[PDB]
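Chemist: Input: one structure, supplied below.
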Amino acid sequence: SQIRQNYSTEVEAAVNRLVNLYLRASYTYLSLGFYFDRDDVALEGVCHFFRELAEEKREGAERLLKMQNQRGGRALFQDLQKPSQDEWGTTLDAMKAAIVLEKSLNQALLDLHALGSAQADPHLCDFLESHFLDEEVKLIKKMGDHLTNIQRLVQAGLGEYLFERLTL
Amino acid sequence: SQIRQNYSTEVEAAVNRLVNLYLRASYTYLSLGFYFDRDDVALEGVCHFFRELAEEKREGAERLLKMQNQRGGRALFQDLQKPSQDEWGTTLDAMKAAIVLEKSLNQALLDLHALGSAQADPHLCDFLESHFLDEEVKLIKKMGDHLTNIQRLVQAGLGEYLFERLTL
Amino acid sequence: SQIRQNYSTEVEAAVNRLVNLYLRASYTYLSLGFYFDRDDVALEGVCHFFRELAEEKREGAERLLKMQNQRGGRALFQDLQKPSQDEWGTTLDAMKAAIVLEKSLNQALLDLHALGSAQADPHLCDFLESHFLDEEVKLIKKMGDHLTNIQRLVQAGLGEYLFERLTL
Amino acid sequence: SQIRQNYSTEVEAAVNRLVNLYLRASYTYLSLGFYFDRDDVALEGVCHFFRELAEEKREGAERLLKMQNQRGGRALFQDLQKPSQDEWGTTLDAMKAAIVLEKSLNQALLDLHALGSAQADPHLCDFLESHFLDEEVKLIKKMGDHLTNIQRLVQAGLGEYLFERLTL
Amino acid sequence: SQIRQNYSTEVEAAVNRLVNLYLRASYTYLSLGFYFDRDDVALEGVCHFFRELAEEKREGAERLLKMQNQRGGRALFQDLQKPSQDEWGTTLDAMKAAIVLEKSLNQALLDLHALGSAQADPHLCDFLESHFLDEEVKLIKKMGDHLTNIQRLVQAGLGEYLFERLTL
Ligand SMILES: Cc1cccc(C)c1O
Ligand SMILES: Cc1cccc(C)c1O
Ligand SMILES: Cc1cccc(C)c1O
């Protein structure tokens with residue numbers, strides 16, 4: 001690329017993999033959202049929480065793709081694997097699975113940052129710090145707070161209703 | 001009728017029967033509403049939910065009557081049978097009875113649509129699709145969601161109070 | 001499902017397949033969009049045209065998923081296959097590939113409509129007519145108009161620039 | 001300096017050199033701008049593009065000088081070498097020379113960042129990341145996009161006119 | 001002091017001690033607040049309640065310091081002892097500890113008032129009456145009300161959630 005400067009092939013590849021991970025996370029949250037919209041589950045606040053996350057994760061992938069082009073890297077897409085479950089159980093099960101998912105994304109961001117540092121690519125490092133690392137820490141804190149409240153509430157049915165009504 | 005065109009006697013009769021079914025559904029919801037306004041039941045959100053449905057069902061009947069005249073059919077009214085119960089039990093019992101009622105109305109709409117298709121009466125078919133079929137599907141989904149939440153809540157007294165306060 | 005009425009397993013399955021097709025179309029347009037954002041392609045109007053389509057196709061998938069739940073069907077997700085190309089050539093090549101893609105989606109909608117009619121499922125039929133069939137016809141007309149203008153313009157470089165500047 | 005803390009003489013010197021490079025880049029863009037304002041060149045959008053860059057590069061130098069003082073370093077100025085050309089040829093030639101210039105500035109920023117990291121000077125590192133590195137990547141992407149469009153357009157005279165009229 | 005009038009050394013010393021007690025109370029509430037912000041505690045209304053009290057107690061200390069200077073006394077600061085606990089248990093435990101703390105501050109205010117009366121220092125007496133005594137009585141009443149509601153609620157987990165959601 002005429003513009004490409006200080007952008008390693010290793011980082012270019014890792015950014016494409018991270019795009020895949022973000023899109024897959026978006027897909028998982030799409031599945032979570034619509035599961036809570038089932039007439040036999042029917043927790044609308046929970047559905048909204050996960051649909052909003054689907055949107056955030058898609059947006060993250062697009063920001064990565066924009067950056068890939070800004071640096072003169074080449075976007076390469078792979079299949080998006082279907083989410084790991086078809087039914088997501090209780091709000092508690094779902095929030096546990098969400099925190100597992102976010103910790104995996106966070107670890108991928110930290111791995112990519114370490115790669116960037118090793119490659120002396122400060123634009124990449126700052127990009128991740130400025131748009132992704134703090135967002136992940138904030139989101140994981142919120143999920144952890146939600147998990148704690150869900151657990152203190154679970155008369156499990158009543159607790160699930162009240163969390164959806166009064167927190168979400 | 002000077003205006004009557006492509007409007008079969010079979011559809012004309014079925015529309016009059018459907019008017020009766022809608023008015024009877026309105027009457028049933030009127031009874032449901034005032035039952036929840038009893039001082040010994042006293043669930044105002046539930047009363048409001050059913051009174052609003054009484055109004056929607058009356059409006060549906062009037063839309064059918066307007067259409068009957070637009071097509072040159074002749075409105076014929078029959079007795080409105082009193083609702084099937086004098087007392088409606090718990091919110092859960094009432095929501096189950098509501099969903100039974102709406103599924104019967106939906107089935108009548110689907111039967112009338114099939115009749116219309118068989119009679120090659122596309123204005124009738126579109127009329128039902130445009131004003132009734134989606135409204136019924138949306139309403140049945142909402143009732144199903146409500147039933148699920150009511151069931152998860154039932155300390156049955158506390159659950160009935162909380163559903164009325166926080167959902168309705 | 002407590003709410004499920006007149007909703008065949010065949011339609012339920014076909015709706016899940018159509019969701020997959022819409023999401024895959026969204027993914028393809030995401031790839032098309034970012035290809036035109038490459039510094040060595042650099043046709044921003046073209047990038048915007050396809051990114052807007054990625055959004056429309058995602059929205060279509062979500063509308064289908066909402067409907068699946070409204071009817072008491074169960075959303076089931078499959079892998080999203082990566083787009084058919086990694087690089088999309090000229091605007092002309094890309095618009096040809098877009099029209100191929102939209103005609104395939106349109107044909108799937110028409111197949112699902114025929115299935116719905118065969119199953120006497122008028123809510124499904126109306127749903128597709130009301131939210132998808134006319135949108136596809138309008139979009140295919142616009143793409144065809146664009147293809148014609150692109151072809152009349154191709155001094156191919158100058159023509160590609162002018163179409164992007166003055167049409168898109 | 002009473003305030004100086006963790007600020008190496010090596011970084012202090014490199015910041016003064018970078019100030020010189022930014023001012024020289026401003027001067028080069030001043031020359032580019034006025035060349036495109038010649039009555040026998042007369043591409044006003046091109047003139048405006050480079051005059052705006054002259055301003056951005058001056059501003060960058062002033063931000064560096066402000067930082068030098070904030071850290072207790074001492075600004076030292078050297079001669080500003082005249083730009084490398086007196087006449088800049090076509091818009092294409094000029095945009096190529098601009099991208100060469102920006103890549104040299106970017107490399108100097110990356111060298112200074114590496115120096116900062118080696119000297120464990122995180123304020124310097126963040127300063128460059130926050131005000132300079134992303135601005136350079138964005139600008140180089142825009143120039144690369146412009147170069148691609150210019151190249152696709154070059155009936156070279158007509159292409160140069162159209163790029164100036166419709167892009168700049 | 002040129003301005004000092006009717007201001008005993010005993011009151012001057014007692015005001016400095018009360019400043020210390022108010023700052024220590026602020027510190028204790030800072031600790032309480034951040035404990036309820038832990039991801040494994042996660043009661044945000046409780047966190048906010050105590051952080052607001054940290055602010056009120058700091059403000060009280062500053063008002064005392066302002067008064068010390070207005071009277072020509074000399075502010076003298078001592079170490080601020082760390083709060084008595086590192087973890088504060090349940091909301092109930094925390095509210096009990098808060099009421100213990102406020103009763104100790106109230107008693108110190110009453111002791112200082114008695115000292116003022118004994119020293120015939122009416123400005124001091126009025127100062128405490130006008131800015132501190134009624135505020136303490138109001139705050140202790142509110143805490144007592146909160147304690148009663150917390151106790152009536154403790155399904156202890158559900159009760160703690162509901163108090164935080166609906167009272168705080
Ligand atoms: C709301 C309502 C209920 C029963 C019968 C009639 C005519 C009506 O308007
Ligand atoms: C989940 C998903 C996959 C591909 C493209 C988009 C826009 C999307 O939301
Ligand atoms: C809010 C607070 C707590 C402890 C110590 C100080 C000085 C303070 O302002």
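Residues in the structure tokens are named by chain (A, B, ... in the order shown) and by number from 1 within that chain; ligands are numbered from 1 in the order shown.
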Fewer than 6 positions away in the same chain doesn't count, so skip those; otherwise give me all residues within 12 Å of residue 133 in chain B, counting only C-alpha atoms, as JSON, numbers by chain.
Modeler: {"B": [60, 102, 103, 105, 106, 107, 108, 109, 110, 111, 112, 113, 125, 126, 127, 139, 140], "C": [5, 6, 71, 121, 122, 123, 124, 125, 126, 127]}
Chemist: Quick one: write out the picked residues with N, CA, C and O atoms as a compact mmCIF listing (two decimals), in the first residue's frame?
Modeler:
# COMPACT_ATOMS: atom_id res chain seq x y z
N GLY B 60 -63.17 -2.87 16.37
CA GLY B 60 -63.06 -3.89 15.32
C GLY B 60 -64.42 -4.21 14.71
O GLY B 60 -64.57 -4.26 13.48
N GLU B 102 -58.93 -14.64 22.31
CA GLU B 102 -58.26 -14.06 21.13
C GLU B 102 -57.92 -15.12 20.09
O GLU B 102 -58.02 -14.84 18.90
N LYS B 103 -57.54 -16.32 20.52
CA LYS B 103 -57.26 -17.38 19.56
C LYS B 103 -58.54 -17.76 18.80
O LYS B 103 -58.46 -18.10 17.62
N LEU B 105 -61.03 -15.65 18.10
CA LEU B 105 -61.27 -14.56 17.16
C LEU B 105 -60.31 -14.71 15.98
O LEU B 105 -60.68 -14.50 14.84
N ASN B 106 -59.05 -15.04 16.28
CA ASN B 106 -58.02 -15.16 15.23
C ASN B 106 -58.43 -16.27 14.27
O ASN B 106 -58.29 -16.13 13.05
N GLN B 107 -58.88 -17.38 14.82
CA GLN B 107 -59.30 -18.50 13.97
C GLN B 107 -60.49 -18.09 13.08
O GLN B 107 -60.57 -18.49 11.93
N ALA B 108 -61.43 -17.33 13.62
CA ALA B 108 -62.56 -16.83 12.82
C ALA B 108 -62.06 -15.92 11.69
O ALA B 108 -62.59 -15.95 10.58
N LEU B 109 -61.08 -15.06 11.99
CA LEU B 109 -60.50 -14.20 10.95
C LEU B 109 -59.81 -15.06 9.87
O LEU B 109 -59.93 -14.77 8.68
N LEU B 110 -59.12 -16.10 10.29
CA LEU B 110 -58.41 -16.94 9.34
C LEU B 110 -59.44 -17.71 8.49
O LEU B 110 -59.24 -17.88 7.28
N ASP B 111 -60.50 -18.21 9.13
CA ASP B 111 -61.58 -18.86 8.37
C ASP B 111 -62.20 -17.91 7.32
O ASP B 111 -62.51 -18.32 6.17
N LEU B 112 -62.46 -16.67 7.73
CA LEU B 112 -63.06 -15.68 6.82
C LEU B 112 -62.10 -15.34 5.68
O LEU B 112 -62.50 -15.20 4.54
N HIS B 113 -60.81 -15.26 5.99
CA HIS B 113 -59.81 -15.02 4.96
C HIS B 113 -59.80 -16.17 3.96
O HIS B 113 -59.71 -15.95 2.74
N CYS B 125 -59.87 -10.10 1.54
CA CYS B 125 -58.60 -10.63 2.02
C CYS B 125 -57.67 -9.53 2.51
O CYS B 125 -57.11 -9.64 3.60
N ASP B 126 -57.51 -8.47 1.71
CA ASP B 126 -56.60 -7.38 2.10
C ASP B 126 -57.11 -6.62 3.32
O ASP B 126 -56.34 -6.19 4.19
N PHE B 127 -58.42 -6.43 3.37
CA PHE B 127 -59.05 -5.75 4.48
C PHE B 127 -58.68 -6.46 5.80
O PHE B 127 -58.34 -5.81 6.79
N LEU B 139 -51.33 -8.90 19.59
CA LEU B 139 -52.05 -8.97 20.89
C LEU B 139 -51.83 -10.32 21.58
O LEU B 139 -51.57 -10.38 22.79
N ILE B 140 -51.89 -11.41 20.81
CA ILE B 140 -51.68 -12.73 21.35
C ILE B 140 -50.23 -12.88 21.88
O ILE B 140 -50.01 -13.52 22.92
N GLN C 5 -50.25 -20.41 16.35
CA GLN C 5 -51.55 -20.66 15.65
C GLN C 5 -51.40 -20.51 14.17
O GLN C 5 -50.99 -19.45 13.67
N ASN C 6 -51.76 -21.58 13.44
CA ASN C 6 -51.64 -21.57 11.98
C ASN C 6 -50.22 -21.32 11.50
O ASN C 6 -50.04 -20.71 10.45
N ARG C 71 -44.95 -15.15 16.13
CA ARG C 71 -45.75 -16.31 15.74
C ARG C 71 -45.55 -17.52 16.62
O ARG C 71 -46.25 -18.52 16.48
N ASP C 121 -51.39 -19.47 5.17
CA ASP C 121 -50.86 -18.66 6.29
C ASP C 121 -50.89 -17.20 5.83
O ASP C 121 -49.89 -16.67 5.33
N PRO C 122 -52.05 -16.55 5.93
CA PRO C 122 -52.10 -15.20 5.35
C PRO C 122 -51.31 -14.17 6.14
O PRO C 122 -50.94 -13.13 5.57
N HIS C 123 -51.08 -14.40 7.43
CA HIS C 123 -50.29 -13.39 8.16
C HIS C 123 -48.88 -13.35 7.59
O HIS C 123 -48.30 -12.26 7.41
N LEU C 124 -48.32 -14.53 7.34
CA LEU C 124 -46.98 -14.61 6.72
C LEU C 124 -46.97 -13.94 5.35
O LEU C 124 -46.10 -13.11 5.07
N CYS C 125 -47.93 -14.30 4.50
CA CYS C 125 -48.02 -13.69 3.17
C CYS C 125 -48.05 -12.17 3.25
O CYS C 125 -47.29 -11.50 2.52
N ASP C 126 -48.90 -11.62 4.11
CA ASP C 126 -49.01 -10.15 4.22
C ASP C 126 -47.74 -9.52 4.78
O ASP C 126 -47.32 -8.43 4.37
N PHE C 127 -47.15 -10.21 5.74
CA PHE C 127 -45.92 -9.74 6.35
C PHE C 127 -44.85 -9.53 5.27
O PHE C 127 -44.15 -8.52 5.27
Chemist: Would you mind listing the residues within 6 Å of ligand 2, counting only C-alpha atoms and all ligand atoms, as a PyMOL selection string?
Modeler: (chain A and resi 23+26-27+58) or (chain C and resi 23+26-27+30+54-55+58)
Chemist: Kindly compile the residues surrounding ligand 3 within 10 Å, counting only C-alpha atoms and all ligand atoms, and format them as an MDAnalysis selection string.
Modeler: chainID E and resid 20 22:31 51:59 61:62 80:83
Chemist: Quick one: residues within 9 Å of residue 13 in chain E, only C-alpha atoms counted, chain neighbours fewer than 4 positions away excluded, as a list in words?
Modeler: residues 8, 9, 17, 18, 73, 74, 75 and 76 of chain E
Chemist: Take the selection from the previous step and output its residues with C-alpha atoms, as a CSV table (one decimal), in the first residue's frame.
Modeler:
chain,number,residue,atom,x,y,z
E,8,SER,CA,-11.5,30.7,74.9
E,9,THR,CA,-8.4,28.5,74.4
E,17,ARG,CA,-10.8,18.2,67.6
E,18,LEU,CA,-14.3,18.4,66.1
E,73,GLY,CA,-8.5,30.8,66.6
E,74,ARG,CA,-5.7,28.8,64.9
E,75,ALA,CA,-6.5,25.6,62.9
E,76,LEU,CA,-4.3,22.7,63.9
Chemist: Show which residues sit within 9 Å of residue 89 in chain A, as a ChimeraX atom specification. Count only C-alpha atoms, and ignore same-chain residues fewer than 4 positions away.
Modeler: /A:35,41,93-94
Chemist: For the selection you just gave me, I'd like the residues written to a file as a compact mmCIF listing (two decimals), in the first residue's frame, keeping N, CA, C and O atoms.
Modeler:
# COMPACT_ATOMS: atom_id res chain seq x y z
N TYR A 35 -33.73 -14.63 22.10
CA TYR A 35 -34.16 -15.65 23.06
C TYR A 35 -35.01 -15.03 24.19
O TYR A 35 -36.07 -15.57 24.56
N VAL A 41 -40.32 -16.86 27.53
CA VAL A 41 -39.19 -16.32 28.31
C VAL A 41 -39.60 -14.91 28.72
O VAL A 41 -39.79 -14.66 29.90
N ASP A 93 -27.87 -17.37 33.77
CA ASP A 93 -27.03 -18.14 32.85
C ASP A 93 -26.51 -17.24 31.74
O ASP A 93 -25.35 -17.35 31.29
N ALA A 94 -27.39 -16.39 31.25
CA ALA A 94 -27.07 -15.54 30.11
C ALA A 94 -26.00 -14.51 30.49
O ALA A 94 -25.08 -14.25 29.71
Chemist: Which distance in Å separates CA of residue 45 in chain C and CA of residue 155 in chain D, to one decimal?
Modeler: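 Between these atoms lies a distance of 23.2 Å.
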Chemist: Where in range 19-160 of chain E does DSSP assign helix (DSSP H, G or I), given as a PyMOL selection string?
Modeler: chain E and resi 19-36+44-71+91-118+122-153+156-160
Chemist: Which of these residues is nearest to chain A, using only C-alpha atoms: E:11, E:42, E:120, E:92?
Modeler: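 Smallest separation from chain A among the options: E:42.
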Chemist: Quick check, in Å to one decimal: how far apart do CA of residue 142 in chain D and CA of residue 46 in chain C lie?
Modeler: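 Pair CA of residue 142 in chain D / CA of residue 46 in chain C returns 16.2 Å.
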Chemist: Please return, as a list in words, all residues of chain D lying within 10 Å of chain C when only C-alpha atoms are considered.
Modeler: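 Putting it all together, I get residues 140, 141, 142, 143, 144, 145, 146, 147, 148, 149, 150, 151, 152, 153, 154, 155, 158, 159, 162, 163, 166 and 167 of chain D.
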Chemist: If you measure from CA of residue 3 in chain A to CA of residue 72 in chain A, what distance in Å do you get, rounded to one decimal?
Modeler: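 That distance, rounded to one decimal, is 5.8 Å.
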Chemist: Can you tell me which residues surround residue 10 in chain D at a distance of at most 9 Å, considering only C-alpha atoms, apart from same-chain residues fewer than 3 positions away, and format the answer as a ChimeraX atom specification?
Modeler: /D:7,13-15,115,119
Chemist: Would you save the residues from that selection as an mmCIF file, in the first residue's frame, using C-alpha atoms?
Modeler:
data_model
loop_
_atom_site.group_PDB
_atom_site.id
_atom_site.type_symbol
_atom_site.label_atom_id
_atom_site.label_comp_id
_atom_site.auth_asym_id
_atom_site.auth_seq_id
_atom_site.Cartn_x
_atom_site.Cartn_y
_atom_site.Cartn_z
ATOM 1 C CA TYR D 7 12.492 14.924 30.666
ATOM 2 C CA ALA D 13 16.721 17.887 21.440
ATOM 3 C CA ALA D 14 14.522 15.604 19.315
ATOM 4 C CA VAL D 15 11.477 17.845 20.065
ATOM 5 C CA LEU D 115 12.935 7.467 22.050
ATOM 6 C CA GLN D 119 13.588 6.935 28.102
#
